[PDB]
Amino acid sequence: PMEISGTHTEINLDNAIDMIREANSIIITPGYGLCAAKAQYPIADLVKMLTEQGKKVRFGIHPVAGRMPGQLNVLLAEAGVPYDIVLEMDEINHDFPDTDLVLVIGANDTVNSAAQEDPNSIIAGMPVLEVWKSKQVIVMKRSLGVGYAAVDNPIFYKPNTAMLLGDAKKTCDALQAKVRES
């Protein structure tokens, strides 16, 4: 007779819009989920608009994000994301504690805090994008399901993390449309 509970929070599009417009510095950490949904385009256009409003918007790429090395770099460039704002993990990782908002779009293992928090984790020690150190995290995926490493992500239950559930393309399209309504 054993039980363990986990509490996560879910936000709506309007709340996500509020957090986005409230933020001045934004880091986006894309993963396989963005690749699967082909969501590079709506996020590229969103970034473009947010940049035009004076916001600091950049991408943080894990060396092993997606299914191929450098896959996210290719897809973001295909969407026309300026190369200057596409940074690698080792360059951008130190900026997390000083960032207002992190949009985790279709990423999980690459942003899994258990790598540093759970000494008995199968991914313990593995370098990750330290997204949880930012003021606010929005995790954009279809649910609280696992990634490739088939492991639970403790960031889903962190106070500063909000889940924005749904297909990456669908969510990014909606956020792109609402921000355009200005």
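Sequential numbering from 1, following the sequence displayed.
Checked against the record, the higher mean CA B factor of 140 to 148 and 55 to 63 lies with 55 to 63. For the segment pair 116 to 124 and 29 to 37, the entry gives 116 to 124 the higher mean B-factor, averaged over Cα atoms. In the deposited entry, the Cα temperature factor of residue 49 sits in the top third of values across the chain's modelled residues. Residue 13: CA B factor lies in the middle third for its chain, per the PDB record. Residue 92: CA B factor lies in the highest third for its chain, per the PDB record. In the deposited entry, the Cα temperature factor of residue 109 sits in the bottom third of values across the chain's modelled residues.
For residue 102, the recorded CA B-factor ranks within the lowest third of the chain. Only modelled residues enter the ranking.
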